[PDB]
Structures are given as C-alpha cells and as structure tokens.
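> Let me start by giving you these chains from the complex, positioned as in the assembled structure:
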Amino acid sequence: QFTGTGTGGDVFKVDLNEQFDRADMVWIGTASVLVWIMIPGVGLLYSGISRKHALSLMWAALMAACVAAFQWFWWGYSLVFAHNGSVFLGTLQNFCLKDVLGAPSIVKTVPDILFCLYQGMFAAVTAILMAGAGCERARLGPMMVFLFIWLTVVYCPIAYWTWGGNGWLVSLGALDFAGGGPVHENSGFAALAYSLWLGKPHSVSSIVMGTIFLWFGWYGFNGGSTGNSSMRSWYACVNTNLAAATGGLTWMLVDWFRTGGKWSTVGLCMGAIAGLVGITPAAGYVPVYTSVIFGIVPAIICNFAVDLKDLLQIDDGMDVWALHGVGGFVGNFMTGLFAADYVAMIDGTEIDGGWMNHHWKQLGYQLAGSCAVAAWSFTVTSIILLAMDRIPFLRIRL
C-alpha cells in the first residue's frame, strides 16, 4: 500500500489520492496556474520600465518558460526536492522526472507531481528576472544556455537550502515563507553581477499592464505557499494584498516630497512591487497590522536604492536589484522581527516565532540565510558569466 517513497504505490493496487485532501490539492492546482502569469508580468513590467531595447523581453519571458521547463524536467526538480539529498543539494534521484507521482512531497500535504508543477513555477519566474537583467544587445542562442546552467548551479543550491528536505536553513531555524530568498534575492544579486562585469508614455501601459499581471498572480505565489486549502492560505492573501497597497502609496508620497511635488505614476507601480517582494518571506508568518510596515519600509529603502542610479551610474539590470534584491533583504530581515508563532499555528505550523514572541535569536538566523543567499548568488553567478564571454561563438553581450 502507501509506501511514501518512490511513486508511493501501485496505481492498480492502491488509490494514491487517499493520502491527500482534494481541496488542498485543488487550491495548489489553481495557485500553480496563477504563479505562471507572473512571468509575462515581469516581461511587460520590465520591458515597460526600460529607459533604454534589443528585443521585447515580454517575448523573452516566453523563452524562459520553455528553458526553465526543460531544465526543471531534466534535473531541476530533483536537485531541490529529492527525498534522499545531502544538505547542500538534493540528489539526482529524479532525473527527467521518473518516479515523480504519488508520494507526499517535502511539503507533506501534496503529491510530488503537483509539487513539481507548482514549485516549477518559481524557477521560471526567477528565470525571467534573470534574462531580464542581461537583455540589452545580448545574444539569443548562448542566452538560453546561460539560464539552463544558471538555474542548475545558482538557483537550485539556494532553493534546496531553503525548501529542501535536509537543507541547512530549514534546520538552522530560519523563516522564509514564499521564497524571497530563492527568487528575489537570488535574482536581485545575480542581476547585480551582470551589471558589473557584462555591464515617458508609449511604454507606461506596459509597466501598468505588466504590474497588474503580477499583483494578480502573487495570490497564487504567497497564498499557495501554505501548501493547503487551510485558512492561513487566505490569511497570507490579506497580507499580500495590503503590503502591495501600503507599499505603493508610500512610494508615491516619497518622491512627491524629494522631488518638489513630482508626478510619479511609475512610482506607485513600483511601490506595489516593492511591497509584494517585501512581504514574500513573511506573508504566512506576520500579523496583518504589521504587514503595512512590510509595505512602507521596503518602498522607502528601495526608493533610495534606486537613487544609486547616479552615484555609480549603471542601469542595465539595477531595476531588478533595486526591488527584488534589496526589497527581499529588507523583508527577510523584518520577518525575523514580526514572525509570530500564533499566526503560523493557523494551520498548526510550529515555529519558535520571531521577536513578536521574544525569540531574539531569530533575527540572527534570518541574517544567516540572506547573506549566504546573496553571496552564492553573486560569486557563482560571476564565475559563469565571465567564463561565458571567454568563448567567442557562445557570446553573451557583444
């Protein structure tokens, strides 16, 4: 009968669905289809935000969704969610997704095959936050090749450290809810390492149109990170939703001060995105009133984080870092403060909490991951893209 290892059993002998709640499954099923639409969210958002462009990266978002898919089929999933992995990376147990079916996943409440589906949507949103930085006059052929390799040696380590069975941040005692680390910091600082070595209407709608796609999709992103149809799912959604509100209102007032009384529509659009990123690691852990702080604080810190566009000049890919890499860090910190064991308990999840319940040690744990993440995302991103220009016919930039 139910073995809990491999495919979990004989389809001819046992009903593998009996292990799971069909409502928890239905939700993550929905949630899966919602994260995907965040890809042309990045595309439209960063296409429309570019002040300089080689190729409409709204189309180059579809390029990532084919590449990320095949890598994640190939060995991507295995390296993050295998049941026998080390502690730094998983195994290759599931190469080309064989024996991925009915066993409970590293989230015990959905099967491997739906958790492959839903977690596969984060390596793909990461992919377009990556290609999106290095789009300017970059070659197309080697680009795809970059990504495949980058997902393998940069994303997958970080992901297994955060979400993976015997990962070392899970076991340390660090909280990361919907993956600010694996997705925003990973891609915020690997976009920095492109803009150091390989470094207005008629395009406003494309930001906005693009912005809206992301706001919409994050509901599947955060709300479906609870892993079940429970009411913490919907809780995190109330949180997500208003970090994005207070995020975007804050960011509009701030340059309306710093710059006389400057009109800024693209302001509010980014304030939202500043707040969504800022709440990712905390959406299922922090009290609702405190999720306004997660709106405010990363909008401010990221506003000034953009004004570092002139005291070092460079532009191609600092927009990604300005929001996701900073805003992730800011939010991964703030988790350590407001993470409350009594919000976590709404689906029974046991954590020690953060400062909200005098678990002082937590805020340290939180700094442990962000630094490990940022570093790995920078050095190992760096080694590959230098060694990538090294060979002529596999370009990157010109």
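Structure's in. What do you need? Residues are numbered from 1 along each chain as shown, chains lettered A, B, ... in the order given.

> The residue at minimal distance from the centre of chain A: what secondary structure?
The centroid of chain A falls nearest to residue A:183 when counting by C-alpha atoms, centre = their mean (2.6 Å). Reducing the assignment at residue A:183 to three states with DSSP: H, G, I helix; E, B strand; the rest coil gives helix.

> In this structure it contacts residue A:276, no?
No. Taking C-beta atoms under 8 Å as the definition, residue A:183 is not a contact partner of residue A:276, at 11.4 Å. Yep, even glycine has a C-beta here, placed from its N, CA and C like the rest.

> What segments of the stretch 51-200 of chain A are helices?
Listed in chain order, the helices found in the stretch 51-200 of chain A under DSSP state H, counting those that start in this stretch are A:60-71, A:77-80, A:112-131, A:140-150, A:156-162, A:180, A:186-189.

> Include mean neighbour count and distance to residue A:388 when you put those into CSV, please.
Listed next are the helices of the stretch 51-200 of chain A as CSV, based on neighbours: other C-beta atoms under 10 Å; distance: least, C-beta to C-beta, whole Å:
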stretch, mean neighbour count, distance to residue A:388
helix A:60-71, 20, 15
helix A:77-80, 27, 21
helix A:112-131, 24, 13
helix A:140-150, 18, 6
helix A:156-162, 26, 18
helix A:180, 31, 27
helix A:186-189, 29, 17
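
> Also, this goes in as chain B:
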Amino acid sequence: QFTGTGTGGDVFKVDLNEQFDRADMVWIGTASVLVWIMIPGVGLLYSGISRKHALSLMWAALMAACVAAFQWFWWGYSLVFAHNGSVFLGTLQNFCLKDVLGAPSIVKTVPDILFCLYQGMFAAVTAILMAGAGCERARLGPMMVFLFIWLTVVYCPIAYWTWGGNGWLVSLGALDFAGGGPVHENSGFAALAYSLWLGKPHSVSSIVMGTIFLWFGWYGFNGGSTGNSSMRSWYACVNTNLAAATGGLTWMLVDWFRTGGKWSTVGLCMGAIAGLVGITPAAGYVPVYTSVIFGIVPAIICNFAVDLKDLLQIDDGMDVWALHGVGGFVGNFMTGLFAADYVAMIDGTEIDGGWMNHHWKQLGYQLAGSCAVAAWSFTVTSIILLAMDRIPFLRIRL
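This next block brings in chain B, placed alongside the chains you saw above:
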C-alpha cells in the same frame, strides 16, 4: 473550543478549519482573485470608451486598489461585516482588522478572514467605478481623499443594508444576489452626482481588452456569491455567462436598426456589460431560460439610456450611469419577478421567491432597496463633493 465570536478560538487549543468545507473555502479563495481582475477591467473599458483624457485611468484603477485596500483594512470591513452592528451600519468592533480570523462570517460558511478577502474586492471595484467618473482634469491628491471618505459614508452604509448582519433590506425580505445595489447602483447614481455639480480605433482594443477582463472576472463575482462550493455556484455561472451573451447580441441589433444599419462593435461590448450588470442581483435566484430576459431588457433600456447624452448633453461619467446605475435598477426590478424559491433551494437557501411562485409582495420589496440605495448614493455623494471643492488646496476638478 469553537466560540463563534471574536477569532473563534485558540489556535494552540483548537483547529479552526474544522468548521468549514475546504472546498467551499478553496472556491471563494479562487473567486477572490477573479473579482480583482475586474478592476483593470473597468480601467481598460472606460479608458477605451472615453470620447474625450487627463490621466490613463487604467493606471488610476491601481490607485483605487491601494486606497480601497487601506480603507477596508482601516474600518471598511468593520462597518459592513461586524457581528454586533446596529441596523443602519455595523460597529467599529474590527478597527484595523483586529480579531478577524476564524469565526464564521455573516455568510456562515467561510471564516471572517477569507470573507474579508473576497468582500474587500467589491469595495475596490466600486472604487474604480467611482474615480472613473470624475477623472477628467481632476486633482490626484484630493482624489484619493475623496474615495476614502466616499467608501466610508456612501458605500459602507448601502453595503451593510444589503449584506450586513442586522441590515434592514435583508430583514425586510429583499433579494440581492451578488450586489447590484451596493456596487452598480451605488456607483451608477454617485457618478450621476458628479456629472451635475462637478460636471474610433486606437482605443477600441482597450474597450475590448478591458471588456474581456470583466467577463472573465464576473465568474468569481457572481459564482462566488453563493458562498460555497455547491452546484448553485456553477448554476449562477451558467446564468452570468449567457445574460452577457444575449445582452451583447441584443445591443448590436438595436442600433443596427435605430441607426440605418450602423456598424457598432463597441455596441456588443457594452451589451455584454449591460447584461452582466443586469444579472448581478439575480444570478443565483432566477431560472436559466429567464436569464436571457436579463440579457435583453437591460441592453435595450440602457441603449436608450445612452441616447440621453444629447437631450441633456453632459458626458463625463454618464457612461458609468448608463450601464451600472440604470442596468442595476432594471435588474433589481426583474429579480422581483423571476426570483424562484426552487433555484435558491439548490444549496438549501430559503427564500419566499418572487412572482415565479406568486410572492407578489416581493416586487415591492425590490423597489424599496433600489430607491433607498439610489437616493443615499446621490444625496450623500453630493454633500461631500460640494463641500470638497469648498476648500482650495484640496481640489477635485479645476
């Protein structure tokens, strides 16, 4: 254990999810994310329909989603869905959403926190049907301030009267399914009171693109107003869907008569919207064949309701009234006729019915709400926006 008041219990002592069906919850969770995309539906639809514009209100739709969020966080939810409210308005019991978690809501079949999530999406669609009327050369700063106040003293009373615990239309005996009153009539007649005191391709796609967003989202709007995963949910969806069909076919034939044989693509787009609004208050109460009538009738009555664009001239915000304010009334009336106690009974809902089962008195009850609504939405909208121009530096229009 389960107390049914406050947060409903101790997360450390009881499992608060046991009260609810995880499938009813999953659905309204989905449905919630579907109503949201109706906001840039209005935006794109009314931006693209404007014959005259100050600022792309497709972006000014995102402004409403930040403001509506914070107001609804602040005191919005409390005023409509508090468990101890008077009969004209709820209490302030839930200021800044404290003690909103696991108790059954005024819809007993979902928790306060998911019902905050899903019902919060109607105050936000209302918000953009509001700002959307008064967009023309209006100031941005005071605009946000308008809305906040308008949601508080105009929307929230009407909403608590229709949906609220001890509201007086619920207790009277009036049927309103997905809220034609609180959302369309409220915003149809408050858009009239702007165009009295403060009163083509290359923009066709934006109507269409915008139209499509709404048709798509209404499924979450109406279908998720049943409050459960029951098969009345999907019933109302079959209704919604074809009121929009027959709505839009009717509206295309009609000016194809009145105007020689005039081509009208924007016709069909509005006929749909005419029919969606016309079925909102009735989608869960009326037999499917009768939902064609709800397509037809409000398309006609609203077609002529547009031709009042010349026998009084004014334009800025009559498009909103032409569809949602008239079409709501037309549909709130027609509910009283075709509301059938044996459709309501598909999830066990007990009503007296409408004329379909000789409950003659009903059609009166239906007129009681629409008039109360329309009036409150007009007078109290009026007092504020006059007293709003009154002070210089908090403008509205110029």
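
> before we move on, the earlier item: may I have the residues that are in contact with the residue nearest to the centre of chain A?
Residue A:183 makes contacts with A:122, A:125, A:126, A:129, A:280, A:324, as judged by C-beta atoms under 8 Å, 6 or more residues apart in numbering or on different chains.

> run the last query once more with 6 Å
For residue A:183, the residues meeting the contact criterion (C-beta atoms under 6 Å, 6 or more residues apart in numbering or on different chains) are A:122, A:126.

> Quickly note the distance from residue A:25 to residue A:118.
With distances defined as C-beta to C-beta, to the nearest Å, the gap from residue A:25 to residue A:118 amounts to 10 Å.

> What of residue A:62?
Taking C-beta to C-beta as the measure, residue A:62 falls 20 Å from residue A:118.

> who in the stretch 251-398 of chain A is up against chain B?
With C-beta under 6 Å from any C-beta of the partner chain as the criterion, the stretch 251-398 of chain A meets chain B at residues A:265, A:288, A:289, A:342, A:345, A:346.

> give me every residue that touches the second one.
Spelled out, that is residue A:288. Listed by C-beta under 6 Å, 6+ apart, the contact partners of residue A:288 are A:238, A:239, B:97.

> Chain C goes on too:
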Amino acid sequence: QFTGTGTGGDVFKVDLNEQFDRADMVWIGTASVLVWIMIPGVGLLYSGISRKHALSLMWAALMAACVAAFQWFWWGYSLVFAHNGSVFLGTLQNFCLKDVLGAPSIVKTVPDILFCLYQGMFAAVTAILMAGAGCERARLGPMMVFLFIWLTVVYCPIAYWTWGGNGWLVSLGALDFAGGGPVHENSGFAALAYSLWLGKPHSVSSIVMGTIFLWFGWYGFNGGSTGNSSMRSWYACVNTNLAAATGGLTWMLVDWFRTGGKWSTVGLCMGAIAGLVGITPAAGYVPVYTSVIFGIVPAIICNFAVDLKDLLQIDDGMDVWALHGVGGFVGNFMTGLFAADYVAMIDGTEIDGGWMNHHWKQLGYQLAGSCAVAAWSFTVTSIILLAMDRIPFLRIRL
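The block that follows adds chain C to the chains above:
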C-alpha cells in the same frame, strides 16, 4: 431521492450536492473560467499573426462567445450530452437547457449544470478557430448565422462521437483526452474548406500577448478534462506545460537551420501552440518523458506544414489548419503509440492502453476517429458555405 435522470431529484426533498466531491466540482469550476480566456487567446494570436485585415478578430472573438453561448443554450448541449441519445447524435431532450441540474453527467463525477458550463467552453473556442479563418472581408450578419448552423451540424456530431454517451468512438476503443478531435481537427479541416471555396512588429505583441493567454488557459483545458480534483489532473498539467516548452524550442531551432540562421520569435510562439495542440488528445494518457516527443514531433511536422504556403499559395485560414488540423492529427496518432493504461489508472481510469503496453490494435482505432472527424468536418462544412454564398443578402465573403 437520487434518481440519476432528469434534474436528479427534489431540491426541497434531497441535497443534490451529496453525490459529488466538492473539490472535484471546485476545480472544474475554476478550470471552466480558464478555458474561456483561451478565446481572446485565439483572437489576439491570429489577429497578430495575420500577414494581411477587415475587422480586428480580437473583437470577433467576443462575437463567437455570444453566438456559441446561445447555440449551446439553445440545443448545442443537448445534442452532445443527452442521456438518451442515439449513437450518431444525442437527442433534443434538453432544448433550451430545461432539466439540466443535478444528475451526474456523461462524466459521472460532476453535475449536468457544471458540465454544461465547462463543456460549453469548448464549443466556443472552436467557434473562434472557425470565424477566425473566414474573417477577411466577410460580412458580419451572415457570419453569426454561419457559426450557429456550423456548430449544430459540424461540431456537435463530432463531439457526440467522441464524448457522448452512446457515441461510436468511445465504444470503438479510441482515446481522446481533452478533445484534439472535436476542437482542433474539427476546426483545422473546416478552415481548410474555407480556403478552397471561399478562398513585422506593431503586431508581434498581439501574437505574444495572445499566445500567453492560451498557454495559461490550457491548464484549465487539459487539466480539467480528468473531470475530478484527482492527481491525474495535475499530472496532465505537467504534461501540457512541457509539450509547450519542447514544442516551442524545437520550432525555433528548425528554421534557424532551414533558413540560414534566421531570427524567428513568432517561431517559438507557434511551436508552443504546435505542442499544446499536439498534447491535447494525450495529456492524461501518456508518460511525462514521452510528452517531449509530443512537443517536438508536431512542431516539426507543422513547421513544414506551413511551408505549404507557397506550393499552393493561399493564406486566409491556412495558419489555423497548419497548427490545429495537422498538429491534432499528429497528436491523435501519437496517442495510439504512447497511451499507457498505468497513467490512466491514476484516478482509476481503465483503458486497454496503446503500444506502450502492446495494445497494437489501438493505433488503428486512433486513425478511425481522426479520419471520420477530418472528413465530416470538411464535407459538411463545405456543403453549408457553398449553399451560403448561394443566397445574395446572406453573404459570406464579397
């Protein structure tokens, strides 16, 4: 109590929801709203792909959604899903959808009313793959009339043969999962019979924007064809997803060979669509590794199937045939090879399998349907559109 015929019982005497899983229902409910957005997917995709156009068929997609709705209300549903049908067509038992409520449908695991909702979304996507071929300087009035008749005598027979109670392909032993036959082949070869008798940026985004809508929506299309919240739903989604990946990667490499090293963004967009169509009939039956083949093979065969644009010249509607009619056939064949009884068994579905388990006879059965389909879709499409130009005032083309 539960009678299983008619409306299934007395709403006042029995709870009709008890027959069904509220999670299976919730999903197909969601899935229903996902297939709909595939309509402006076709629209945007084929509008943006047109090298020649009379009227933005992105708006002419909304025309189909009104017409398809009313026909399917009228007699459409009845002809395909009636419980007493012959073997060639169902009955008229459910004319104007009376007595469609709580009985299990021809898929026993959802009620007639939700199965009307969800299956109604395929006759509508078919509708826009139809009108979309014959859009070029065609008249609008008679167009609607065409469709209504075409859905009735062409779509509905094919559909009842594949999905219908006593259909003859179901009973024969043929596998068709999400309906490559009824939807793609039906509309691939009926688009051929228009282009025989009645026969670049600034429009790239519209392909892409349009492409994305379809990729997104297919999850509801294929994943919701399992009919339940089971984990085969999500399985088929993993399949769908990567047939579209490997589909679109293949198609980009291929003209990057055939044409020197030609840049082709519209390539990848179509490769995806080539792969989605290629996996439709197989998504719930074939092993995941084999779903890469379904990506590759129909991308190649359909690439060359486009290069028949010059060795016969004609264009208006060969793009539809190039993808859906060929790609359907290619995929309906390949089902017969890789259909495995042990994937089908994941929700207990009993099939004999295909060649994967030495059921040699299968591949024949598979050819039986595709040919029957293609033929009926051609001859009967032909008779009507010739006899349609026959009468002056009901034009088609000029």
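
> try the contacts of residue A:183 again now we have chain C.
By C-beta under 6 Å, 6+ apart, the contact set of residue A:183 is A:122, A:126.

> Could you pick out the residues of chain A near chain C for me?
For chain A, the residues in contact with chain C under the definition C-beta under 6 Å from any C-beta are A:11-12, A:17, A:22-23, A:25-26, A:29-30, A:33, A:37, A:40, A:59, A:66, A:69-70, A:73, A:96-97, A:111, A:113-114, A:117.

> neighbours around residue A:184, how many?
Using other C-beta atoms under 10 Å in any protein chain shown as the criterion, residue A:184 is surrounded by 31 other residues.

> That one and residue A:323 touch, don't they?
No. In this structure, residue A:184 sits apart from residue A:323 without contact. The criterion is C-beta atoms under 6 Å, and the distance is 8.0 Å.

> distance between the ends of stretch A:185-199?
In terms of C-alpha to C-alpha, to the nearest Å, the two terminal residues of stretch A:185-199 are separated by 19 Å.

> and that stretch, which residues are buried?
Residues of stretch A:185-199 classed as buried under the neighbour-count rule (16 or more other C-beta atoms under 10 Å in any protein chain shown) are A:185-195, A:198-199.
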